[PDB]
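Residues 14 to 160, 172 to 209 in full-length UniProt numbering are what the sequence shown lists, from first letter to last.
Report on the following structure.
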Amino acid sequence: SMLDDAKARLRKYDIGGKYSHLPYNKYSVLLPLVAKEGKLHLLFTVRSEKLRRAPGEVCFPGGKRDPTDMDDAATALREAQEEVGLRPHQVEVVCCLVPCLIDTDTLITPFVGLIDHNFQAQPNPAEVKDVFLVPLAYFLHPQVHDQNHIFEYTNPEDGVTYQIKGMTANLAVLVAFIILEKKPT
Ligand SMILES: *CC(=O)NC1(c2ccc3c(c2)OCCO3)CCCC1
């Protein structure tokens, strides 16, 4: 199946807990895969302007680990629930991808999760100004604009254009390569 295939691909890139104990300022993000109209999509947020970290940016759901979190995956899930209403039972965490080192003292750990088809986003306006989907295939042939490289994605449902950049754009490309490379049509 499309989903069994995607999960099988993703598991080959799982680093698991290999980097999880290192003494960093720790953040997790959830890369949420959603199947619609027979294709995979990634779910993104636009962060509220009110935030301290990345205000107004296109980001995956996520945030800073807190003492309650059993592990780095729990961080991702807690933060996704708080931001977009995603409950734990609505997500299957498939793997942990390469972590992203920033600012010399920070480690961001990305988790890919498959999202239940009955999930409907409920954007929390204190955290998120918008929640949107991009087809995963877009990241193989993106519309690039140079400021460094920025992707522009125009939702054909409404004509709205989103700018995706930095680590968020880099992860979206990685996931697209992992899942979509070398497939029969
Ligand atoms: C867009 C994005 O990834 N936002 C998050 C983020 C985490 C950590 C840092 C930054 C953004 O910005 C600068 C360095 O630290 C928000 C919370 C999870 C990811």
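Quick reminder that beta carbons are idealized off the backbone N, C-alpha and C, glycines included.
query, result
"Check your reading: residues with Cβ closer than 6 Å to ligand 1 heavy atoms", "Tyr40, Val42, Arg66, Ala67, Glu70, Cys72, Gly75, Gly76, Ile115, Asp116, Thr119, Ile121, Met191 and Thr192"
"Inter-residue spacing [alpha-carbon to alpha-carbon] between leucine 64 and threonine 209", "43 Å"
"Reduced DSSP category for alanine 48 - H, G, I as helix; E, B as strand; rest coil", "strand"
"For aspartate 143, three-class secondary structure by DSSP", "strand"
"Where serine 14 falls, given that 16 or more other Cβ within 10 Å makes a residue buried", "exposed"
"Whether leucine 43 touches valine 147 by CB criterion (8 Å)", "no"
"Beta-carbon spacing of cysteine 113, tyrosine 26 below 8 Å", "no"
"Close beta carbons around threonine 178, own chain, < 6 Å, minus the five adjacent residues each side", "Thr185"
"Nearest candidate by alpha-carbon position, reference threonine 119, set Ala87, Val125, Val197 and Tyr40", "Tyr40"
"Contacts around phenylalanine 175, its chain only, beta-carbon distance under 6 Å, and the 5 residues preceding and following it disregarded", "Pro155, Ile188 and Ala193"
"Nearest-angstrom Cβ-Cβ length linking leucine 46 and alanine 87, presumed shorter than 8 Å", "Incorrect: roughly 19 Å between the Cβ atoms, too far for contact."
"As assigned by DSSP and simplified to three states, the class of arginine 24", "helix"
"Beta-carbon spacing of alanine 139, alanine 200 below 8 Å", "no"
"Contact under 8 Å by Cβ, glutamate 70 with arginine 60", "yes"
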